[PDB]
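Source file: final-v1.tsv. Holds: TSV, C-alpha atoms and all ligand atoms.
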```
chain	number	residue	atom	x	y	z
T	13	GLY	CA	0.00	0.00	0.00
T	14	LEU	CA	2.38	2.69	-1.21
T	15	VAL	CA	-0.23	4.86	-2.96
T	16	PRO	CA	-4.05	5.03	-2.87
T	17	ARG	CA	-5.65	2.07	-4.61
T	18	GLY	CA	-5.87	2.37	-8.38
T	19	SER	CA	-3.98	5.68	-8.34
T	20	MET	CA	-0.53	4.58	-9.57
T	21	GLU	CA	-0.78	5.86	-13.14
T	22	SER	CA	-3.10	8.86	-12.80
T	23	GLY	CA	-2.42	9.94	-9.21
T	24	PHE	CA	-6.08	9.41	-8.25
T	25	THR	CA	-8.14	6.28	-7.58
T	26	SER	CA	-9.78	5.08	-10.77
T	27	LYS	CA	-13.50	4.33	-11.01
T	28	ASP	CA	-12.90	0.60	-11.47
T	29	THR	CA	-10.95	0.26	-8.21
T	30	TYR	CA	-14.37	0.41	-6.54
T	31	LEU	CA	-15.75	-2.57	-8.48
T	32	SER	CA	-13.12	-5.00	-7.16
T	33	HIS	CA	-11.25	-3.50	-4.21
T	34	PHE	CA	-13.81	-1.49	-2.20
T	35	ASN	CA	-15.14	-3.74	0.56
T	36	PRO	CA	-18.66	-2.46	1.39
T	37	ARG	CA	-19.06	-4.38	4.66
T	38	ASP	CA	-15.64	-3.22	5.86
T	39	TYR	CA	-16.65	0.35	5.02
T	40	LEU	CA	-19.91	-0.01	6.95
T	41	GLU	CA	-18.19	-1.45	10.03
T	42	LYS	CA	-15.53	1.29	10.04
T	43	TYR	CA	-17.82	4.28	9.47
T	44	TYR	CA	-21.41	3.46	10.47
T	45	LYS	CA	-21.34	1.25	13.58
T	46	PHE	CA	-22.49	4.39	15.44
T	47	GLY	CA	-21.23	3.52	18.90
T	48	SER	CA	-21.85	5.51	22.07
T	49	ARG	CA	-18.31	6.77	22.71
T	50	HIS	CA	-18.52	10.08	20.81
T	51	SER	CA	-15.91	9.01	18.28
T	52	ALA	CA	-15.24	11.36	15.38
T	53	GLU	CA	-17.20	9.04	13.06
T	54	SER	CA	-20.18	8.99	15.42
T	55	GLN	CA	-20.23	12.76	15.87
T	56	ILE	CA	-20.00	13.30	12.11
T	57	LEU	CA	-22.78	10.79	11.42
T	58	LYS	CA	-24.89	12.53	14.06
T	59	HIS	CA	-24.38	15.86	12.30
T	60	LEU	CA	-25.13	14.39	8.87
T	61	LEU	CA	-28.42	12.97	10.18
T	62	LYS	CA	-29.50	16.25	11.79
T	63	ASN	CA	-28.97	18.20	8.56
T	64	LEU	CA	-30.80	15.55	6.52
T	65	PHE	CA	-33.60	15.77	9.08
T	66	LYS	CA	-33.54	19.57	8.93
T	67	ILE	CA	-33.45	19.55	5.10
T	68	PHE	CA	-36.18	17.00	4.39
T	69	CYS	CA	-38.42	17.45	7.47
T	70	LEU	CA	-38.06	21.04	8.70
T	71	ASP	CA	-37.25	22.89	5.45
T	72	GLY	CA	-39.90	20.87	3.60
T	73	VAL	CA	-37.70	19.68	0.73
T	74	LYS	CA	-40.17	17.25	-0.85
T	75	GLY	CA	-41.35	15.85	-4.16
T	76	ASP	CA	-42.18	12.75	-6.15
T	77	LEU	CA	-38.74	11.43	-7.10
T	78	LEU	CA	-35.47	11.61	-5.18
T	79	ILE	CA	-32.37	10.14	-6.84
T	80	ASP	CA	-29.55	9.26	-4.45
T	81	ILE	CA	-26.21	9.45	-6.25
T	82	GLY	CA	-23.26	7.45	-4.95
T	83	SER	CA	-25.19	5.71	-2.17
T	84	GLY	CA	-22.47	3.14	-1.66
T	85	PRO	CA	-23.78	0.51	0.76
T	86	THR	CA	-25.42	3.02	3.15
T	87	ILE	CA	-29.05	3.93	3.85
T	88	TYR	CA	-28.60	6.52	6.63
T	89	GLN	CA	-28.86	9.34	4.07
T	90	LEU	CA	-32.37	8.19	3.09
T	91	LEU	CA	-34.08	7.83	6.47
T	92	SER	CA	-35.42	11.37	6.71
T	93	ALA	CA	-35.78	11.67	2.92
T	94	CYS	CA	-38.36	8.87	2.74
T	95	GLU	CA	-40.75	11.02	4.79
T	96	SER	CA	-40.88	13.66	2.04
T	97	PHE	CA	-40.42	11.79	-1.27
T	98	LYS	CA	-42.79	9.24	-2.78
T	99	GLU	CA	-40.07	7.34	-4.68
T	100	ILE	CA	-36.37	6.92	-3.95
T	101	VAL	CA	-33.87	5.67	-6.54
T	102	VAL	CA	-30.51	4.65	-5.09
T	103	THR	CA	-27.47	4.55	-7.37
T	104	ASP	CA	-23.77	3.73	-7.14
T	105	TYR	CA	-20.90	2.86	-9.44
T	106	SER	CA	-20.03	-0.31	-7.50
T	107	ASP	CA	-22.36	-3.28	-7.96
T	108	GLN	CA	-20.97	-4.82	-4.77
T	109	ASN	CA	-22.11	-1.69	-2.91
T	110	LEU	CA	-25.60	-2.03	-4.39
T	111	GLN	CA	-25.74	-5.71	-3.44
T	112	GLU	CA	-24.78	-4.90	0.16
T	113	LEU	CA	-27.51	-2.25	0.10
T	114	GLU	CA	-29.96	-4.73	-1.39
T	115	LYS	CA	-29.28	-7.12	1.50
T	116	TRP	CA	-30.78	-4.53	3.86
T	117	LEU	CA	-33.63	-3.59	1.51
T	118	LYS	CA	-34.64	-7.26	1.42
T	119	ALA	CA	-34.18	-7.35	5.24
T	120	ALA	CA	-31.77	-10.27	4.96
T	121	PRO	CA	-30.63	-11.54	8.39
T	122	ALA	CA	-27.04	-11.07	7.14
T	123	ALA	CA	-27.54	-7.38	6.28
T	124	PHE	CA	-25.69	-4.67	8.21
T	125	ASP	CA	-27.35	-3.54	11.45
T	126	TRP	CA	-28.61	0.03	10.96
T	127	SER	CA	-30.90	0.04	14.00
T	128	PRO	CA	-28.82	2.45	16.18
T	129	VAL	CA	-28.95	4.93	13.30
T	130	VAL	CA	-32.64	4.17	12.76
T	131	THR	CA	-33.25	4.75	16.48
T	132	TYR	CA	-31.40	8.08	16.38
T	133	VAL	CA	-33.43	9.26	13.37
T	134	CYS	CA	-36.77	8.23	14.88
T	135	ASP	CA	-35.83	10.23	17.99
T	136	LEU	CA	-35.00	13.31	15.89
T	137	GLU	CA	-38.43	13.18	14.23
T	138	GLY	CA	-40.18	13.14	17.63
T	139	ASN	CA	-40.74	9.37	17.96
T	140	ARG	CA	-43.98	9.66	15.98
T	141	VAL	CA	-43.22	6.16	14.64
T	142	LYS	CA	-41.07	3.28	15.82
T	143	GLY	CA	-37.97	1.74	14.25
T	144	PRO	CA	-39.61	-1.07	12.26
T	145	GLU	CA	-42.28	1.26	10.90
T	146	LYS	CA	-39.53	3.64	9.81
T	147	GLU	CA	-37.55	0.87	8.10
T	148	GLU	CA	-40.67	-0.27	6.24
T	149	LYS	CA	-41.25	3.31	5.05
T	150	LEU	CA	-37.75	3.40	3.57
T	151	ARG	CA	-37.96	-0.08	2.03
T	152	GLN	CA	-41.30	0.84	0.42
T	153	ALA	CA	-39.91	4.13	-0.91
T	154	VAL	CA	-36.85	2.63	-2.63
T	155	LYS	CA	-38.22	1.73	-6.06
T	156	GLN	CA	-35.09	1.03	-8.12
T	157	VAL	CA	-31.41	0.27	-7.52
T	158	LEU	CA	-29.34	1.41	-10.48
T	159	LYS	CA	-25.78	1.80	-11.70
T	160	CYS	CA	-24.51	5.36	-11.95
T	161	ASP	CA	-21.37	7.01	-13.32
T	162	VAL	CA	-21.22	10.74	-12.61
T	163	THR	CA	-18.48	11.23	-15.23
T	164	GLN	CA	-20.99	10.32	-17.98
T	165	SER	CA	-23.28	12.87	-19.63
T	166	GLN	CA	-26.08	10.37	-18.89
T	167	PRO	CA	-25.14	9.30	-15.34
T	168	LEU	CA	-27.79	6.53	-15.32
T	169	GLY	CA	-27.18	5.39	-18.90
T	170	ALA	CA	-30.26	4.61	-20.96
T	171	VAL	CA	-32.46	3.91	-17.91
T	172	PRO	CA	-35.70	5.92	-18.38
T	173	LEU	CA	-36.72	8.12	-15.45
T	174	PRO	CA	-38.94	11.20	-15.15
T	175	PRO	CA	-37.22	14.46	-14.18
T	176	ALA	CA	-36.49	14.22	-10.47
T	177	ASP	CA	-37.53	16.67	-7.78
T	178	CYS	CA	-34.29	16.14	-5.84
T	179	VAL	CA	-30.81	14.73	-6.45
T	180	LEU	CA	-28.97	13.75	-3.26
T	181	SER	CA	-25.31	12.79	-2.95
T	182	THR	CA	-23.45	12.32	0.34
T	183	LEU	CA	-19.69	11.71	0.57
T	184	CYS	CA	-19.63	10.70	-3.12
T	185	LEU	CA	-18.37	13.41	-5.47
T	186	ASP	CA	-15.06	14.01	-3.66
T	187	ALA	CA	-14.19	10.33	-4.11
T	188	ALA	CA	-15.58	10.08	-7.66
T	189	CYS	CA	-14.10	13.18	-9.33
T	190	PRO	CA	-10.31	13.11	-9.87
T	191	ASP	CA	-10.02	16.84	-10.70
T	192	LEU	CA	-11.90	20.12	-10.61
T	193	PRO	CA	-13.11	20.09	-14.27
T	194	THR	CA	-14.52	16.58	-13.78
T	195	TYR	CA	-16.15	17.82	-10.56
T	196	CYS	CA	-17.92	20.64	-12.40
T	197	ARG	CA	-18.68	18.21	-15.23
T	198	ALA	CA	-20.37	15.82	-12.79
T	199	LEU	CA	-22.55	18.53	-11.22
T	200	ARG	CA	-23.67	19.51	-14.72
T	201	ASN	CA	-24.34	15.84	-15.54
T	202	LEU	CA	-26.30	15.40	-12.30
T	203	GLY	CA	-28.54	18.35	-13.24
T	204	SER	CA	-29.68	16.53	-16.38
T	205	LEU	CA	-31.65	14.26	-14.01
T	206	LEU	CA	-33.36	17.23	-12.32
T	207	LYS	CA	-36.42	19.29	-13.13
T	208	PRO	CA	-35.81	23.02	-13.51
T	209	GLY	CA	-36.12	24.36	-9.98
T	210	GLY	CA	-35.30	20.93	-8.56
T	211	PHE	CA	-33.17	20.43	-5.46
T	212	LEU	CA	-29.49	19.49	-5.36
T	213	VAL	CA	-28.32	18.32	-1.92
T	214	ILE	CA	-24.59	17.68	-1.49
T	215	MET	CA	-22.77	16.74	1.71
T	216	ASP	CA	-19.07	15.92	1.50
T	217	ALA	CA	-15.64	16.34	3.06
T	218	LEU	CA	-13.64	19.57	2.87
T	219	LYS	CA	-9.95	19.70	1.91
T	220	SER	CA	-9.61	15.91	1.95
T	221	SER	CA	-7.03	14.02	-0.11
T	222	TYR	CA	-7.87	10.46	0.95
T	223	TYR	CA	-9.96	8.22	3.15
T	224	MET	CA	-9.17	4.88	4.78
T	225	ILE	CA	-10.96	1.56	5.14
T	226	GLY	CA	-8.53	-0.42	7.26
T	227	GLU	CA	-5.25	-0.54	5.36
T	228	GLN	CA	-6.97	0.41	2.09
T	229	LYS	CA	-6.51	4.05	1.03
T	230	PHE	CA	-8.77	5.73	-1.52
T	231	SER	CA	-8.28	9.08	-3.24
T	232	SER	CA	-10.35	12.18	-2.49
T	233	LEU	CA	-10.39	15.52	-4.31
T	234	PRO	CA	-9.38	18.12	-1.67
T	235	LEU	CA	-11.80	20.99	-2.24
T	236	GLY	CA	-12.29	24.13	-0.18
T	237	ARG	CA	-15.63	25.84	0.33
T	238	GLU	CA	-14.99	28.55	-2.27
T	239	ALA	CA	-14.20	26.01	-5.00
T	240	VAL	CA	-17.35	24.00	-4.21
T	241	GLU	CA	-19.51	27.14	-4.27
T	242	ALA	CA	-18.03	28.28	-7.58
T	243	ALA	CA	-18.41	24.84	-9.18
T	244	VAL	CA	-22.07	24.53	-8.13
T	245	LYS	CA	-22.95	28.00	-9.44
T	246	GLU	CA	-21.03	27.37	-12.68
T	247	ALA	CA	-22.87	24.07	-13.21
T	248	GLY	CA	-26.21	25.89	-13.39
T	249	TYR	CA	-27.53	25.98	-9.81
T	250	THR	CA	-28.49	28.66	-7.31
T	251	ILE	CA	-27.33	27.96	-3.76
T	252	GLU	CA	-30.09	28.22	-1.16
T	253	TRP	CA	-27.83	27.70	1.86
T	254	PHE	CA	-24.31	26.46	2.53
T	255	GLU	CA	-22.97	25.17	5.85
T	256	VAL	CA	-19.43	24.29	6.93
T	257	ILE	CA	-18.55	22.39	10.11
T	258	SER	CA	-15.00	21.99	11.41
T	259	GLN	CA	-15.47	18.51	12.93
T	260	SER	CA	-13.11	16.09	11.18
T	261	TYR	CA	-12.64	12.35	10.93
T	262	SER	CA	-9.79	10.72	12.80
T	263	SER	CA	-6.65	10.74	10.65
T	264	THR	CA	-6.69	6.92	10.60
T	265	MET	CA	-9.71	7.32	8.30
T	266	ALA	CA	-9.51	10.72	6.59
T	267	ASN	CA	-7.35	13.86	6.55
T	268	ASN	CA	-10.35	16.13	5.97
T	269	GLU	CA	-10.81	19.67	7.26
T	270	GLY	CA	-14.46	19.39	8.22
T	271	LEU	CA	-17.49	18.87	6.00
T	272	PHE	CA	-19.96	20.94	3.99
T	273	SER	CA	-23.70	20.64	3.39
T	274	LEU	CA	-25.54	22.65	0.73
T	275	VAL	CA	-28.98	22.93	-0.84
T	276	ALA	CA	-29.21	24.29	-4.38
T	277	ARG	CA	-31.97	24.76	-6.96
T	278	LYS	CA	-31.57	24.00	-10.64
T	279	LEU	CA	-32.05	27.12	-12.74
T	301	LIG	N1	-13.79	12.22	0.43
T	301	LIG	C1	-13.60	11.90	1.85
T	301	LIG	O1	-12.76	12.45	2.48
T	301	LIG	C2	-14.48	10.84	2.52
T	301	LIG	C3	-14.75	10.91	3.86
T	301	LIG	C4	-15.54	9.95	4.45
T	301	LIG	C5	-16.06	8.91	3.69
T	301	LIG	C6	-15.79	8.84	2.35
T	301	LIG	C7	-16.39	7.67	1.48
T	301	LIG	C8	-16.81	6.79	0.83
T	301	LIG	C9	-17.31	5.58	-0.03
T	301	LIG	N2	-18.50	5.89	-0.88
T	301	LIG	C10	-19.84	5.85	-0.23
T	301	LIG	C11	-20.32	7.18	0.28
T	301	LIG	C12	-21.76	7.06	0.83
T	301	LIG	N3	-22.66	7.80	0.01
T	301	LIG	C13	-21.83	7.57	2.27
T	301	LIG	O2	-22.47	8.62	2.53
T	301	LIG	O3	-21.23	6.95	3.21
T	301	LIG	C14	-18.29	6.84	-2.05
T	301	LIG	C15	-18.93	6.28	-3.22
T	301	LIG	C16	-18.50	6.99	-4.53
T	301	LIG	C17	-18.79	6.01	-5.41
T	301	LIG	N4	-18.22	6.29	-6.76
T	301	LIG	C18	-16.95	6.13	-7.15
T	301	LIG	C19	-16.85	6.51	-8.49
T	301	LIG	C20	-18.15	6.93	-8.89
T	301	LIG	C21	-18.74	7.43	-10.08
T	301	LIG	CL1	-17.73	7.66	-11.56
T	301	LIG	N5	-20.05	7.73	-10.10
T	301	LIG	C22	-20.79	7.56	-9.02
T	301	LIG	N6	-20.27	7.09	-7.87
T	301	LIG	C23	-18.96	6.77	-7.78
T	301	LIG	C24	-18.13	4.67	-4.71
T	301	LIG	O4	-18.65	3.49	-5.33
T	301	LIG	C25	-18.52	4.75	-3.45
T	301	LIG	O5	-19.69	3.91	-3.23
T	301	LIG	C26	-15.01	9.80	1.75
```
Would you write out, as structure tokens, the structure that this file holds?
Ligand SMILES: NC(=O)c1cccc(C#CCN(CC[C@H](N)C(=O)O)C[C@H]2C[C@@H](n3ccc4c(Cl)ncnc43)[C@H](O)[C@@H]2O)c1
Amino acid sequence: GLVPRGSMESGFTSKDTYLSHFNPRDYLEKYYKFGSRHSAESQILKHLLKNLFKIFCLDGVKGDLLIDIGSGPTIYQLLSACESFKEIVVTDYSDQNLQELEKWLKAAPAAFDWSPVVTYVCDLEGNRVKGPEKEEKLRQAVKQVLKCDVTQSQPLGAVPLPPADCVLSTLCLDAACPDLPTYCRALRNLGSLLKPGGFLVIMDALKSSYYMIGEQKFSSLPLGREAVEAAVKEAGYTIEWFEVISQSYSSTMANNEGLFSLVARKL
């Protein structure tokens, strides 16, 4: 492990490194076990959930179709969203990630245990419903599980979908875009899936060059707030609000300088 995986020739992890070398269950155990010891991962997850709750429940971001871009094997980013969107389409470049996701959607006994995150989210929303009822709401809402490639003009290929009310992407674009032009390219590609006036919700690391799953290192585009804001505006969106938090992952997992969350509207 001298360099990030799949980065020898280009200097940045290639797309295909995720098909074969990204271990979804290892990723879930390292990042989303959500213990009670206030670890950096747990505090960050807590903050991600509160913003998602605030975005989809308090700010009333709602619609028919939400497309989740770069889901990986996680569902935490959909728990509040399924209260406000009739249909959820989850996408990722890695089929192994989608299969790990699909284990939970099918409620396989071997699926990852999300219940501490489910419990946290139910509490946020005022315990109007219990854990199982919440999980069934999400499972019902997820209609399709598709392959996506943000570097493509048609990120979902030929798959037919109506214009979406919201595109959501958490912790994805930094890892998927090897340079700033590709980053702007991807945001423009993502907008092709969105109605005019539709919502773009991005949450990602700030000034991060890599992240770790065990001894596996993966590349990350280190972007500061100003670059993100410029790229989003240039790609044809108007920013509704932009938040930056200084809380960082432990260096054994990422060298990030906090995270950002933003809500934009397609022009
Ligand atoms: N940058 C950081 O510092 C930092 C900090 C913390 C965690 C992480 C992390 C991660 C792993 N994941 C799951 C994120 C999940 N959404 C969550 O929120 O946990 C990222 C996605 C990207 C996705 N990918 C790759 C190429 C690609 C294309 Cl071309 N088109 C669409 N997707 C693509 C790849 O498959 C993988 O699944 C990074």
Test item: residues at most 8 Å from range 50-57 of chain T, all atoms listed in the file, excluding those fewer than 6 positions along its chain, as JSON, numbers by chain: {"T": [43, 44, 259, 260, 261, 262]}
Environment of ligand LIG 301 (chain T) within 7 Å, counting all atoms listed in the file, reported as an mmCIF file with C-alpha atoms, in the frame of the given file:
```cif
data_model
loop_
_atom_site.group_PDB
_atom_site.id
_atom_site.type_symbol
_atom_site.label_atom_id
_atom_site.label_comp_id
_atom_site.auth_asym_id
_atom_site.auth_seq_id
_atom_site.Cartn_x
_atom_site.Cartn_y
_atom_site.Cartn_z
ATOM 1 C CA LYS T 27 -13.500 4.330 -11.010
ATOM 2 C CA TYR T 30 -14.370 0.410 -6.540
ATOM 3 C CA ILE T 81 -26.210 9.450 -6.250
ATOM 4 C CA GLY T 82 -23.260 7.450 -4.950
ATOM 5 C CA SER T 83 -25.190 5.710 -2.170
ATOM 6 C CA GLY T 84 -22.470 3.140 -1.660
ATOM 7 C CA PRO T 85 -23.780 0.510 0.760
ATOM 8 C CA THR T 86 -25.420 3.020 3.150
ATOM 9 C CA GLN T 89 -28.860 9.340 4.070
ATOM 10 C CA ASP T 104 -23.770 3.730 -7.140
ATOM 11 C CA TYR T 105 -20.900 2.860 -9.440
ATOM 12 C CA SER T 106 -20.030 -0.310 -7.500
ATOM 13 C CA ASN T 109 -22.110 -1.690 -2.910
ATOM 14 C CA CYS T 160 -24.510 5.360 -11.950
ATOM 15 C CA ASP T 161 -21.370 7.010 -13.320
ATOM 16 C CA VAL T 162 -21.220 10.740 -12.610
ATOM 17 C CA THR T 163 -18.480 11.230 -15.230
ATOM 18 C CA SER T 181 -25.310 12.790 -2.950
ATOM 19 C CA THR T 182 -23.450 12.320 0.340
ATOM 20 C CA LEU T 183 -19.690 11.710 0.570
ATOM 21 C CA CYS T 184 -19.630 10.700 -3.120
ATOM 22 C CA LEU T 185 -18.370 13.410 -5.470
ATOM 23 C CA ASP T 186 -15.060 14.010 -3.660
ATOM 24 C CA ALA T 187 -14.190 10.330 -4.110
ATOM 25 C CA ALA T 188 -15.580 10.080 -7.660
ATOM 26 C CA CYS T 189 -14.100 13.180 -9.330
ATOM 27 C CA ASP T 216 -19.070 15.920 1.500
ATOM 28 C CA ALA T 217 -15.640 16.340 3.060
ATOM 29 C CA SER T 220 -9.610 15.910 1.950
ATOM 30 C CA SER T 221 -7.030 14.020 -0.110
ATOM 31 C CA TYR T 222 -7.870 10.460 0.950
ATOM 32 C CA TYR T 223 -9.960 8.220 3.150
ATOM 33 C CA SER T 232 -10.350 12.180 -2.490
ATOM 34 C CA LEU T 233 -10.390 15.520 -4.310
ATOM 35 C CA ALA T 266 -9.510 10.720 6.590
ATOM 36 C CA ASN T 267 -7.350 13.860 6.550
ATOM 37 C CA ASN T 268 -10.350 16.130 5.970
#
```
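Considering only C-alpha atoms, the residue among T:230, T:235, T:112, T:66 positioned nearest to residue 20 in chain T is T:230.
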Exercise: range 246-256 of chain T partners within 12 Å, only C-alpha atoms, chain neighbours under 5 positions left out, as a PyMOL selection string: chain T and resi 59-60+63+67+71+73+192-204+206-219+236-241+269-279
Near-residue 173 in chain T list (10 Å; only C-alpha atoms; drop same-chain fewer than 5 positions) as a ChimeraX atom specification: /T:77,79,101,168,205
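Near range 17-19 of chain T, within 9 Å and counting all atoms listed in the file, sit residues 25, 26, 27, 28, 29, 30, 33, 228, 229, 230 and 231 of chain T, not including residues fewer than 6 positions from it in the same chain.
Distance-wise, CA of residue 170 in chain T and CA of residue 111 in chain T end up 20.8 Å apart.
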Selection: 12 Å around range 135-148 of chain T, all atoms listed in the file, excl. self and same-chain fewer than 2 positions, as a PyMOL selection string: chain T and resi 58-59+61-66+68-70+87-88+90-95+116-119+125-133+150-154
Sphere at (-38.4, 15.6, -5.4), radius 6 Å, counting all atoms listed in the file: residues as a ChimeraX atom specification: /T:74-78,97,176-178
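Separating CA of residue 149 in chain T from CA of residue 122 in chain T is a distance of 20.3 Å.
Residue nearest residue 24 in chain T within the list T:47, T:234, T:36, T:121: T:234 [criterion: smallest interatomic distance, only C-alpha atoms].
With CA of residue 257 in chain T on one side and CA of residue 227 in chain T on the other, the separation reads 26.9 Å.
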Selected residue of minimal separation from residue 158 in chain T among T:179, T:46, T:174, T:80, counting all atoms listed in the file: T:80
Using the incomplete input, complete range 228-241 of chain T to the level of N, CA, C and O atoms; output as an mmCIF file, keeping the file's coordinate frame.
```
data_model
loop_
_atom_site.group_PDB
_atom_site.id
_atom_site.type_symbol
_atom_site.label_atom_id
_atom_site.label_comp_id
_atom_site.auth_asym_id
_atom_site.auth_seq_id
_atom_site.Cartn_x
_atom_site.Cartn_y
_atom_site.Cartn_z
ATOM 1 N N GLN T 228 -6.687 -0.025 3.445
ATOM 2 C CA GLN T 228 -6.970 0.410 2.090
ATOM 3 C C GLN T 228 -7.178 1.921 2.061
ATOM 4 O O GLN T 228 -8.008 2.453 2.805
ATOM 5 N N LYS T 229 -6.431 2.602 1.195
ATOM 6 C CA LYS T 229 -6.510 4.050 1.030
ATOM 7 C C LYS T 229 -7.197 4.335 -0.295
ATOM 8 O O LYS T 229 -6.932 3.664 -1.298
ATOM 9 N N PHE T 230 -8.083 5.326 -0.302
ATOM 10 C CA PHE T 230 -8.770 5.730 -1.520
ATOM 11 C C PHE T 230 -8.604 7.236 -1.700
ATOM 12 O O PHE T 230 -8.565 7.989 -0.726
ATOM 13 N N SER T 231 -8.522 7.670 -2.955
ATOM 14 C CA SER T 231 -8.280 9.080 -3.240
ATOM 15 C C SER T 231 -9.523 9.916 -2.947
ATOM 16 O O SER T 231 -10.655 9.428 -2.978
ATOM 17 N N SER T 232 -9.291 11.197 -2.663
ATOM 18 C CA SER T 232 -10.350 12.180 -2.490
ATOM 19 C C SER T 232 -9.866 13.516 -3.044
ATOM 20 O O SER T 232 -8.722 13.908 -2.797
ATOM 21 N N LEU T 233 -10.710 14.184 -3.816
ATOM 22 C CA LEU T 233 -10.390 15.520 -4.310
ATOM 23 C C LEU T 233 -10.446 16.534 -3.174
ATOM 24 O O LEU T 233 -11.533 16.767 -2.628
ATOM 25 N N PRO T 234 -9.326 17.153 -2.780
ATOM 26 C CA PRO T 234 -9.380 18.120 -1.670
ATOM 27 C C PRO T 234 -9.900 19.468 -2.124
ATOM 28 O O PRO T 234 -9.172 20.251 -2.743
ATOM 29 N N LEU T 235 -11.155 19.765 -1.805
ATOM 30 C CA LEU T 235 -11.800 20.990 -2.240
ATOM 31 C C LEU T 235 -12.139 21.853 -1.036
ATOM 32 O O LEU T 235 -12.652 21.348 -0.032
ATOM 33 N N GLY T 236 -11.837 23.148 -1.140
ATOM 34 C CA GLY T 236 -12.290 24.130 -0.180
ATOM 35 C C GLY T 236 -13.662 24.685 -0.520
ATOM 36 O O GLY T 236 -14.167 24.503 -1.627
ATOM 37 N N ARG T 237 -14.263 25.351 0.469
ATOM 38 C CA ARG T 237 -15.630 25.840 0.330
ATOM 39 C C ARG T 237 -15.806 26.713 -0.908
ATOM 40 O O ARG T 237 -16.790 26.575 -1.645
ATOM 41 N N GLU T 238 -14.857 27.620 -1.154
ATOM 42 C CA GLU T 238 -14.990 28.550 -2.270
ATOM 43 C C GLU T 238 -15.026 27.809 -3.608
ATOM 44 O O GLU T 238 -15.805 28.166 -4.502
ATOM 45 N N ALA T 239 -14.195 26.777 -3.761
ATOM 46 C CA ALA T 239 -14.200 26.010 -5.000
ATOM 47 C C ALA T 239 -15.533 25.289 -5.193
ATOM 48 O O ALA T 239 -16.080 25.267 -6.302
ATOM 49 N N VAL T 240 -16.061 24.687 -4.125
ATOM 50 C CA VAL T 240 -17.350 24.000 -4.210
ATOM 51 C C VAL T 240 -18.443 24.986 -4.618
ATOM 52 O O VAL T 240 -19.239 24.716 -5.524
ATOM 53 N N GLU T 241 -18.493 26.145 -3.951
ATOM 54 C CA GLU T 241 -19.510 27.140 -4.270
ATOM 55 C C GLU T 241 -19.416 27.594 -5.717
ATOM 56 O O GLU T 241 -20.434 27.707 -6.410
#
```
